[PDB]
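# Overview (structure and organization)
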Amino acid sequence: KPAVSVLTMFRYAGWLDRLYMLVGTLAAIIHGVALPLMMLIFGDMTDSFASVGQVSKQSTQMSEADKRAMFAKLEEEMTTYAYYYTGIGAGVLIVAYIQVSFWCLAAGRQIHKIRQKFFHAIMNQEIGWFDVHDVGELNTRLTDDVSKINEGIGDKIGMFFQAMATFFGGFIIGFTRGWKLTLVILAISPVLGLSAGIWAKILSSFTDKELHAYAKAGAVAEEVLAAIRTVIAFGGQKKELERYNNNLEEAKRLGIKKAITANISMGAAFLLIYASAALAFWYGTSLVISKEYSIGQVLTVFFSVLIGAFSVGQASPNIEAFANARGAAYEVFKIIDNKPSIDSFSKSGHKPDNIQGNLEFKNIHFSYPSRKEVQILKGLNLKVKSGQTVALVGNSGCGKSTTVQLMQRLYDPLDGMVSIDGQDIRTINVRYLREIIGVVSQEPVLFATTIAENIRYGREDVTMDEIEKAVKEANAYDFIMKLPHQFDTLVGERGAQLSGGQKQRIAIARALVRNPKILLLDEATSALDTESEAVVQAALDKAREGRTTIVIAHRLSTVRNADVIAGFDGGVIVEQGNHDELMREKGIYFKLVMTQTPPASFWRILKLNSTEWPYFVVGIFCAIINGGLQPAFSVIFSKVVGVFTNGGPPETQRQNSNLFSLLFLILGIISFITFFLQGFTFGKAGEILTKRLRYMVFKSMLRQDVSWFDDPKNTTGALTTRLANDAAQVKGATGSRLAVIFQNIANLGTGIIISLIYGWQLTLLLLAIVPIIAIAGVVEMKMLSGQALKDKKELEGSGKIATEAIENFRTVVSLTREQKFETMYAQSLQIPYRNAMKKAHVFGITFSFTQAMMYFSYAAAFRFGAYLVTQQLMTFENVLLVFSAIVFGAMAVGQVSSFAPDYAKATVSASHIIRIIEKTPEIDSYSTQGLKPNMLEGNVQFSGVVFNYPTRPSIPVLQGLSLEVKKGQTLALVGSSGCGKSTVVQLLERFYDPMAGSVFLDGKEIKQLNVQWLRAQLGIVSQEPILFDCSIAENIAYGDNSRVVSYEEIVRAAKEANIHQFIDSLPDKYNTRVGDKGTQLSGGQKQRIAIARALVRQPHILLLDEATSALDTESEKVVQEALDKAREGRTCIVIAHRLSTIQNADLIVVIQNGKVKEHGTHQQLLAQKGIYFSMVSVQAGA
Ligand SMILES: Brc1ccc(Oc2c(Br)cc(Br)cc2Br)c(Br)c1
Ligand SMILES: Brc1ccc(Oc2c(Br)cc(Br)cc2Br)c(Br)c1
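### Some thoughts on the overall build of the protein chain
For the protein chain, the count of helices and strands is 40 helices and 21 strands. Taking 2.2 N^0.38 as the reference for a compact globule, 1182 residues should give roughly 32 Å; the C-alpha atoms of the protein chain span a radius of gyration of 43 Å, well beyond that estimate. Over its C-alpha atoms, taken along the principal directions, the protein chain stretches across nearly 135 × 105 × 60 Å. On the protein chain, roughly 57,900 Å² of surface is accessible, and the fraction owed to carbon and sulfur atoms is 59%. Charged side chains in the protein chain number 119 positive and 107 negative. The centres of these two groups are separated by 3 Å.

### A few points about the site of ligand 2
Around ligand 2 there are 13 residues in total, and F281, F302, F637, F664 and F888 lie nearest to it. Notes on ligand 2: free accessible area 500 Å², of which the protein chains cover 90%. Put simply, the parts of the chain that give the shell around ligand 2 at least two residues each are α10 (237–286) and α22 (616–645). Grouping the amino acids of the shell around ligand 2 by side-chain chemistry returns eleven nonpolar, two polar and no charged.

### Quick look at the packing of helix α3 (residues 69–124) against helix α27 (residues 762–807)
The interhelical angle for the contact between α3 and α27, taken along N-to-C directions, is 10°, at an axis separation of 11 Å. Viewed along their axes, α3 and α27 adopt a mutual orientation that is roughly parallel. When the axes of α3 and α27 are compared, the crossing they make is right-handed. In this structure, α3 uses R115, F119, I122 and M123 to contact α27, whose residues at the interface are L795, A802, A805 and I806. Looking at the contact of α3 with α27 residue by residue, the class counts come to seven nonpolar, no polar and one charged.

### Notes on the pairing of strand β7 (residues 518–522)
Of all five residues in β7, five are buried; the element is thus mostly enclosed. Here β7 shows two buried faces, one formed by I518, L520 and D522 and the other by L519 and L521. Looking at chain direction, strand β6 (residues 437–440) and β7 are connected through four bridges and run parallel. When the bridges of β7 are listed, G438 appears paired with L519.

### Observations regarding the sheet that holds strand β18 (residues 1101–1104)
Strand order across the open sheet formed by six strands is β15-β18-β19-β13-β20-β21, with mixed pairing between neighbours. Unpaired on one side and paired on the other, β15 (1018–1021) and β21 (1155–1160) mark the two borders of the sheet. Across the sheet, the mean angle from the axis of one strand to that of its neighbour is 20°, orientation sign disregarded. Here strand β13 (residues 970–975) pairs with strand β19 (residues 1131–1134) via three bridges, running parallel. Bridge pairing in β19 places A972 opposite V1134.

### Regarding the packing of aromatic side chains
Any two aromatic rings considered together are summarised by their centre-to-centre distance and by the angle between their planes. As enumerated under the stated definition, the model contains 42 aromatic pairs in all. The interplanar angle of 70° and the centroid separation of 5.1 Å between the aromatic rings of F633 and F664 together place this pair among those described as edge-to-face. Residue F633 is found in helix α22, and its partner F664 is found in helix α23 (residues 651–701); the two are separated by 31 residues along the sequence. The same class applies to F633 and to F664, which are both buried. Here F862 and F883 contribute two aromatic rings whose centre-to-centre distance is 5.5 Å and whose plane-to-plane angle is 40°, an arrangement assigned as tilted. You can see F862 sitting in helix α29 (residues 818–863) and its partner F883 sitting in helix α30 (residues 876–893), a full 21 residues away along the chain. Here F862 matches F883 in class, with each residue buried. Linked through ring pairs, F42, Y85, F281, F302, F303, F637, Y858, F862 and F883 together constitute an aromatic cluster. Cation over ring: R431 sits above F345, and NZ or CZ is 5.8 Å from the ring centre.

### Some details on the UniProt feature "binding site: ATP 2" in the protein chain
UniProt feature "binding site: ATP 2": in the numbering of this structure it lies at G975, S976, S977, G978, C979, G980, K981 and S982. Considering the arrangement of structural elements, one finds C979 in the loop between β13 and α32 (983–988). In this structure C979 touches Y949 and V957, once residues within four positions along its chain are discounted. Within the element layout of this structure, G980 appears in the loop between β13 and α32. Residues contacting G980, with those up to four places away along its chain left out, are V957, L958 and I1151.

Scoring rules and cut-offs
Residues numbered from 1 in each chain as written, not as in the entry; some residues may be left out. Chains lettered and ligands numbered in written order. Heavy atoms only, no water. Helix = DSSP H or I, 4+ residues; strand = E, 2+ residues; numbered from the N terminus. Rg over C-alpha atoms; globule rule 2.2 N^0.38 Å. Areas by Shrake-Rupley, 256 points an atom, 1.4 Å probe, with all protein chains shown as cover. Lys, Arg positive; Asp, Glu negative; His and termini not counted. Charge placed at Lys NZ, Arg CZ, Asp CG, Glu CD. Near = heavy atom within 4 Å. Nonpolar A, V, L, I, M, F, W, Y, C, P; charged D, E, K, R; others polar. Axes fitted to C-alpha atoms, helices over the stretch in contact; angles between N-to-C directions. Parallel < 35°, antiparallel > 145°, perpendicular 65-115°, else oblique. Left-handed = near helix turned anticlockwise from the far one by under 90°. Contact = heavy atoms within 4.5 Å. Buried < 20%, exposed > 50% of the residue type's maximum accessible area, 1.4 Å probe, protein only. Pairing = 2+ DSSP bridges. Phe/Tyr/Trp six-rings, centres within 6.5 Å; stacked < 30°, edge-to-face > 60°. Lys NZ or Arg CZ within 6 Å of the ring centre and 35° of its normal. UniProt positions renumbered as here; feature names shortened; annotations may be inferred.

Structure representation (structure tokens):
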């Protein structure tokens, strides 16, 4: 929404840049004007053939006499037009170079200036400007927004003025040569703009319906794949597939309905567009029979008008490129034009010599850019004598850290002044002030250069002698010399990461080369290992003694030797004095001392599509007919102009033109009929395999075992996305792109035959010219992408050192050396600059070549179409036919290169989708094999079970676990922590087979038992019961599948679960909808329902996995009261964390490291004193 003045945007263009644009926009207008004139000449060549075409047939008497006057007229005329034609091509060759080269030159020259001024402005902002802004967005604003500015002031402006030249020049020739066709052509424009307007209303409204349609099926997939362990436990995998299959059935009916309507729309709009044109041309014919406009003049206007009419559309993108570059330049120039109060690039203020370093802080009130929300310093008074070292202590707020901030004048205070020596700090030059102040901060930062270079960031003029004395004066010399490469080592986020105490020592040496008169040490010892802390502390003590120093830290070891200590309470300076005096004061300071002491040939996807042997042959045969039918319109056009140029006696002409225009409209309606078929057939054929694919995938997905659904690769969202994308992508490959790719190869094929079977030596020439200009059009795009990738790689190195400069900004400004990063960024940009200079010459040459290759190709089309061909016995009507036929059949092949990624993006989506079906699990619920015992009573035997989870085979959970529980008794399961308690329930459900050992139920190993039948005897109840969106009766009846459960039966379970108070209180009762879609209720009712569906199954084994986990107050007392009634009649395994409710259990087992540690009845493990006795004691006391 915000934008820039047009003149301010070009503020960096002067002298030559203004001229380049002037000559550039000039030649660009010359380039545009060249095309409608080329069409004006195409009319004069027609009249030459038309005057001879009328007189040649007018004879029917003399023959050799027509070998004289006609050929002579053709000789002087065709040579004149071909001479003019060759001139236009040389014109476009020059102006198209001038057009693109000059504009890309001005673009490259200015963007170089923009990028330097921009980065200079970034480093010029004061710190308070950075505290309110995001540096990451700022750096991306540097590389991206400048690119948008470059796209808008580049060769696009030349293309814009080239287009308006065609537009103006087209309608000028349109009006002057005959303004009775222009107004007729404009009259059909609203119809074409209205038909394409129905497309923007149909596409936008129906694209939501499909994203709405599958969102109902993908919702089924979501609540299923999220509750996968519940449907797996209750075996609803046929139902959840059936539901998904039932929603897929509706999505395909809405998909074929959209295929019917969208193809009716496309064919009707195409027929309206072609009938609109054929009327404007048949109207053109009605004005030639009236002897008002020559047969060649109708072409001259009809072409120049339609050329300039579409030149509007070809200019609209360049308008958006310029406007976007304007608005992109707003926030950029806003930074450049913004002037700071602090500067630091300013050359102003005093530079005191013989600085003795007497600092004082006077009544300083301050607040960080958070402003009126917080005021961290309410008044202040602090002096520090020269040579002394004052220490600042404080409980919190870190108002200590603020004084170091103000001392470098990173901010100016709200009220009060900071005084170095006697002068106010704001009277001293900012840079010189930062140069007389050395800074060592808590987190040290080293730029990605050598050690000597990082030390060289203290002062640019320095020799390795000073570097050596500095690092030796910080006792950092000894440890770096052992490091290889000596001072020439590397540092940074990338490469040679060092100890913290060593990086700080380099930072102390960096600040030591500064030879500052003022020293500021902010928590430099804090957040550092204890051993190396003394090593750095020795250097800090050796860094002072020649300077006045303010130091802030939470280490009260470094503070004793300070001449003065200062305490803060709420930004107010409270206590000050020597260490001993503050202890006698027994104030804040004393208080803090005591406190701290694979693309491949996949035909089988087409073999699955072979379910429909028809519907394809219908579409293909219908598409090839539509292919063979398109050039016949060019054939009709060739003979509407052909018989009119070849007319001779004019009486027969007027009756023939009516017959052709009629047949055209009969071919158009027969084109509409065949287009709707090839669309509908492919559409329906695409929508049905969408169901088959999503059905087989969702079926095979419900086949895999819990081992697969635990994969971090496969989450519920990543599966629904893999489910939607892979099915829609393969539809596009076998869909429109194929019907089109066959319609077009038939379009060229039926066009190339007619052209080859007509004009001799004529088609053979055009077949030498057209492929070369097509290839030359391709190679230009390749060099364009290569230059684009190359320039992306080069400015990346610049923005990389810009990223380092601005992300570590607060450090660089503290060391000044901003001019250093300026010079580095400038040297980095110099290569893309000289690169951008060559880009203009290349871009202009390629564009001018492809334009000249199109214009010269046109001269050879007529000079050969006349002369050798028309001096013989070859007619013009065919040359026109071969033109439209070949040129259109080629431009129809241009759609093959556009649908190419639709094929690759589908094969990759097919690659996954063929494997996701074929993958088979270790435990397949679909296998009908298995025992299915007849004996009801259930035992459970865990024997020697070692189990590790397939996702984390690192820490084992079960190591030699052994339980046994008889029928009708409760097996309590206590554990120190982890799924060691829970893994029992998962293995009994046989979510996994154990690594070693085995688990039995009736004495039969479940591993050889039937998987589905095994889980059919289990009454699983988990922590968070997930209930699908349907009737609570269905959530209850979900407990028994393969049979519809009686209402009184699901009532019995709801009576059993004590949930019946709700189920009758509701208005809908058992038919109420739950799942946070129709109604919402608390977890206690959710659990009771899960208990009901558990015992609707009438299991012989309950499995209660921390059922009271998420529950509170009386809700626990009523759900436990329901669970306690559900067991005692069945085999039961309870792992609940309420050991008070486990007291009445037939056997309590303590799990330890996967082994059973203690076991026995409650009082038995209470008689013993150990883990279970400690478990019952800790949470009974707490
Ligand atoms: Br835009 C444009 C349209 C037609 C051009 O040549 C013609 C011309 Br002029 C007339 C017919 Br019919 C077919 C072709 Br191809 C040229 Br060169 C450029
Ligand atoms: Br009659 C008649 C035939 C073709 C005409 O131009 C074309 C041409 Br040339 C090719 C195709 Br495809 C469609 C149309 Br409409 C015109 Br205008 C009038």
